[PDB]
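Each remark here refers to the structure printed beneath this line.
Naming: A, B, ... by sequence-line order, numbering from 1 per chain. These values consider heavy atoms only, across backbone and side chains, with no hydrogens, waters or symmetry-generated copies.
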Amino acid sequence: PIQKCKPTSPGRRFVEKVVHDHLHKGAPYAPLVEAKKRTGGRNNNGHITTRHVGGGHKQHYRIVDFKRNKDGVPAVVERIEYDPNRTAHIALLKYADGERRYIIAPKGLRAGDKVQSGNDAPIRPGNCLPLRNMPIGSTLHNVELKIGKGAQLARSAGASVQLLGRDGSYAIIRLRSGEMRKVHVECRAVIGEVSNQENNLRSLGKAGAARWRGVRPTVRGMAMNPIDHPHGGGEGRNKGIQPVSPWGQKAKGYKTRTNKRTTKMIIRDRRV
RNA sequence: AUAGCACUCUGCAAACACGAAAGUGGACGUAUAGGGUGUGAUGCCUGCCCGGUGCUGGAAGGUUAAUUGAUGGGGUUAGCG
C-alpha cells in the first residue's frame, strides 16, 4: 500500500513502508526455531573477511523445507508469517499425518489452501513437481540444481523464472537476471510467484534504519590516505586514477567469472 | 558518515575476502540478493567529445617461447700414396 509517514520529525519525512494485514501476529512455531548468532563478518581466524557487517537486532532461524521430500501427502496451509532471515514470507503447512513444516509462501496463498509435492500433484501454486511434468510457458520459483539438494534459485521476494522449453533430458529457463540456462529435467520446481513483491518499494529514511539491519557505514576510497587505498592521497579533492577496489581490482566493467566447469549449462549470457 | 541516486561485477561449489594448505566468512543468504566504485535530503535538472588511456566484442592478416630437429661445417678414427 506504500504507507508514507508524515513529517513530524526530520527523520520521519521520507519514511515509506509496505503494510500487509494477513500476517500472523503471534510468536513463531517453537519446534521449528533454533538460535542464530551474529558473526560481524569475521572468519575462524578472527580477521574481517566481509566489510560493513556488524550490530543488528537479535534474530532466530526458522527451519525451511526447501527439499519438499514428503511426497503424495496433501497439506493444508495454517498461517502466513513474517521471517526476519529473508525478504519473503513463509507459510506453515500441516500434513494429514500431523507433521508441520515451513515453506516459502507463494504469492496469493492464504490460510486453508491445499498444497502437494510429487509427479502426480495438481498444477496449482505452491505445488512441487519435477520439471519434466511442467507445462511450457510456466512461471516457477525455488528451482533445484542437484537432485535431492533442494531449491537454490529464484527465492527472493518477487523472484520468478520462465520455462521456455523441455526437449530430451534438459529444460531451458530464463532467469530474472536475463540469462537463459539449461537444467536437468528431473530437477524439481514450484508453481507460481513468491510473495512480498512490493518489498523493494520500501524507503528506509534514515541511517538508524540500516544500523538496525546491521550495515556499518561505508568509507569512500578517496577519503583515505595512500597507504590505506590506491585512491588515497592528494591535496584537495582529486581522482587521478581508473577506479579500482581496495585490493587493486578494476571496478567498472571488468569481468571476473573464471569457472570453466559449468560453461556448458549457459546457453545465452545476460550480455554483461 | 548518513537516508536517496546511479555505474559495474556475481547463476551458487557465486563474485569477493583471509590462509601455505585443509578450510572459514559471504550465507545456513540465492539477482527485490551479495561485492566494488562515485555522488549525497528535496525542487528543476544534468550540454558537446570515443581522438588518448582503460574496459568490452570481433578479426585471423604480420611477429614468436618452450618443444621438435632438416641441412650444412668441424675434431678424431680405416685404408691408400
Separation of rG35(B) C1' from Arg216(A) CZ (nearest whole Å)
18 Å
How far, in whole Å, is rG52(B) from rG47(B) if one measures between their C1' atoms?
22 Å
Within less than 4.0 Å of OP1 or OP2 of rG11(B), is there a side-chain N or O belonging to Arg176(A)?
no
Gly118(A) to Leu129(A) - nearest heavy-atom pair and separation:
O-CG, 3.2 Å
Determine the contact category for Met222(A): base if any of its heavy atoms lies under 4.0 Å from a base atom, sugar-phosphate if only primed atoms, P, OP1 or OP2 are that close, otherwise nothing.
sugar-phosphate
Under the rule that ring centres be under 5.5 Å apart and planes under 30 degrees, are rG40(B) and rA41(B) stacked?
no
4.5 Å side-chain heavy-atom contact, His47(A) and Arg42(A)
no
At what distance, to the nearest 0.5 angstrom, does CD1 of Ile90(A) lie from CD1 of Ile104(A)?
7.5 Å
Between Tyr61(A) and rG29(B), does any side-chain N or O lie under 4.0 Å from OP1 or OP2?
yes
Could you give the distance separating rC5(B) and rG26(B) at their P atoms, to the nearest angstrom?
27 Å
According to a 4.5 Å side-chain heavy-atom criterion applied to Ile, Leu, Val, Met, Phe, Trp and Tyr, with indirect links allowed, do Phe66(A) and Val190(A) form part of one hydrophobic cluster?
no
Flag the pair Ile103(A) / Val64(A) as yes when at least one side-chain heavy-atom distance between them is below 4.5 Å, and no otherwise.
no
Measuring only between side-chain heavy atoms, which start at C-beta, is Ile172(A) closer than 4.5 Å to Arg181(A)?
no
Hey, does the side-chain of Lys252(A) have a donor or acceptor N/O within less than 3.5 Å of a partner on the base of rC55(B)?
no
For RNA chain B, whose closest nucleotide is more 5', that of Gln249(A) or that of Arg261(A)?
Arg261(A)
Taking the P atom of each, how far is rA3(B) from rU37(B), in whole Å?
15 Å
Does the cation-pi check pass for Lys36(A) over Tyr61(A), that is, NZ or CZ under 6.0 Å from the six-membered ring centre and within 45° of its axis?
no
Where along residues 32-52 of chain A does a heavy atom fall under 4.0 Å from RNA chain B?
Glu34(A), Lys36(A), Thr39(A), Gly41(A), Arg42(A), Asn43(A), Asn44(A), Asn45(A), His47(A), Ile48(A), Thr49(A), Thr50(A), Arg51(A), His52(A)
Out of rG36(B), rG38(B), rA13(B), which has the shortest distance to the side chain of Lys239(A)?
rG38(B)
Under the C1'-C2'-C3'-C4' criterion, what is the pucker of the sugar in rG11(B): north or south?
south
The correct pucker label for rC5(B), given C1'-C2'-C3'-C4' positive equals north and negative equals south, is north
Roughly how many Å apart are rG62(B) and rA17(B), using the P atom of each and rounding to a whole number?
40 Å
Give every donor-acceptor pair under 3.5 Å between a side-chain atom in residues 224-244 of chain A and any protein atom, sequence neighbours left out.
{"from": "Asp228(A)", "atom 1": "OD2", "to": "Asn225(A)", "atom 2": "N", "distance (Å)": "3.1"}
{"from": "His229(A)", "atom 1": "ND1", "to": "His231(A)", "atom 2": "N", "distance (Å)": "3.1"}
{"from": "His231(A)", "atom 1": "NE2", "to": "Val244(A)", "atom 2": "N", "distance (Å)": "3.2"}

Is there any side-chain hydrogen bond (donor to acceptor under 3.5 Å, both in side chains) pair reaching into residues 263-272 of chain A, and which pairs are they, with sequence neighbours excluded?
none
Between the protein and nucleotides 57-59 of chain B, which nitrogen or oxygen pairs are less than 3.5 angstrom apart?
{"from": "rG57(B)", "atom 1": "OP1", "to": "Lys255(A)", "atom 2": "NZ", "distance (Å)": "3.0"}

Which pairs with one or both residues in residues 153-163 of chain A pass side-chain hydrogen bond (donor to acceptor under 3.5 Å, both in side chains), sequence neighbours excluded?
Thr87(A)-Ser156(A)
Minimum-distance nucleotide (side-chain atoms of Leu204(A) versus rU37(B), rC9(B), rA3(B))
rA3(B)
Both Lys149(A) and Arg62(A) contact RNA chain B. Which one's nearest nucleotide lies toward the 5' end?
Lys149(A)
As an exercise, state the distance from NZ of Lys17(A) to NZ of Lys4(A), rounded to the nearest 0.5 Å.
8.0 Å
Nucleotide of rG36(B), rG11(B), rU39(B) approaching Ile266(A) most closely (side-chain heavy atoms):
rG11(B)
Closest to the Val272(A) side chain, choosing from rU10(B), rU32(B), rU56(B)
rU10(B)
Ignoring hydrogens and angles, state whether a donor on the side chain of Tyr102(A) or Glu81(A) is under 3.5 Å from an acceptor on the partner side chain.
yes
Minimum-distance nucleotide (side-chain atoms of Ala154(A) versus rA31(B), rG4(B), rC12(B))
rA31(B)
Separation of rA3(B) atom P from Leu201(A) atom CG, nearest Å, is 18 Å
Which residue pairs satisfy the side-chain hydrogen bond (donor to acceptor under 3.5 Å, both in side chains) criterion with at least one member in residues 132-152 of chain A, sequence neighbours excluded?
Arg132(A)-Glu186(A), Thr139(A)-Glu193(A)
At a heavy-atom distance below 4.0 Å, what parts of residues 182-189 of chain A sit against RNA chain B?
none
Base rings of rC28(B) and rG29(B) under 5.5 Å apart and under 30° in plane angle?
no
What pairs meet the side-chain hydrogen bond (donor to acceptor under 3.5 Å, both in side chains) rule with one or both residues in residues 5-15 of chain A, with sequence neighbours excluded?
none
Could you tell me how far apart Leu140(A) (CG) and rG11(B) (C1') are, to the nearest whole angstrom?
17 Å
Output the single nucleotide from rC55(B), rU32(B), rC12(B) whose closest atom is nearest the side chain of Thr87(A).
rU32(B)
Below the 4.0 Å mark, does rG36(B) have OP1 or OP2 next to a side-chain nitrogen or oxygen of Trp247(A)?
no
Let's see if you can work this out: which of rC9(B), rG11(B), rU39(B) has an atom nearest to the side-chain heavy atoms of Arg220(A)?
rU39(B)
Map every base of RNA chain B to its dot-bracket character, where paired means a Watson-Crick or G-U wobble contact with both distances under 3.5 Å and | marks a partner outside the strand.
...((.((((.....(((....))).......)))).))..........................................
Pair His24(A)-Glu78(A), side-chain donor/acceptor within less than 3.5 Å:
no
Throw together a table of side-chain donor-acceptor distances under 3.5 angstrom for residues 91-99 of chain A, partners on residues two or more places apart or in other chains.
{"from": "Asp97(A)", "atom 1": "OD1", "to": "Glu99(A)", "atom 2": "N", "distance (Å)": "3.3"}
{"from": "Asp97(A)", "atom 1": "OD2", "to": "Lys70(A)", "atom 2": "NZ", "distance (Å)": "2.9"}
{"from": "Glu99(A)", "atom 1": "OE1", "to": "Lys70(A)", "atom 2": "NZ", "distance (Å)": "3.4"}
{"from": "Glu99(A)", "atom 1": "OE1", "to": "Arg101(A)", "atom 2": "NH2", "distance (Å)": "3.2"}
{"from": "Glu99(A)", "atom 1": "OE2", "to": "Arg101(A)", "atom 2": "NE", "distance (Å)": "2.6"}
{"from": "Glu99(A)", "atom 1": "OE2", "to": "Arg101(A)", "atom 2": "NH2", "distance (Å)": "3.4"}

Considering only nitrogen or oxygen atoms on both sides, find all protein atoms under 3.5 Å from nucleotides 41-52 of chain B and state each distance.
none

What nucleotide among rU10(B), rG11(B), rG29(B) has an atom nearest to a side-chain atom of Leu153(A)?
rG11(B)
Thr49(A): which residues meet the side chain to side chain donor-acceptor pair (under 3.5 Å) condition with it, sequence neighbours left out?
none
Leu175(A) side chain: which of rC55(B), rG11(B), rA15(B) is closest?
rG11(B)
Under the convention that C1'-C2'-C3'-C4' above zero is north and below zero is south, what is the pucker of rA31(B)?
south
Taking atom P in both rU24(B) and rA13(B), what distance in whole Å separates the two?
15 Å
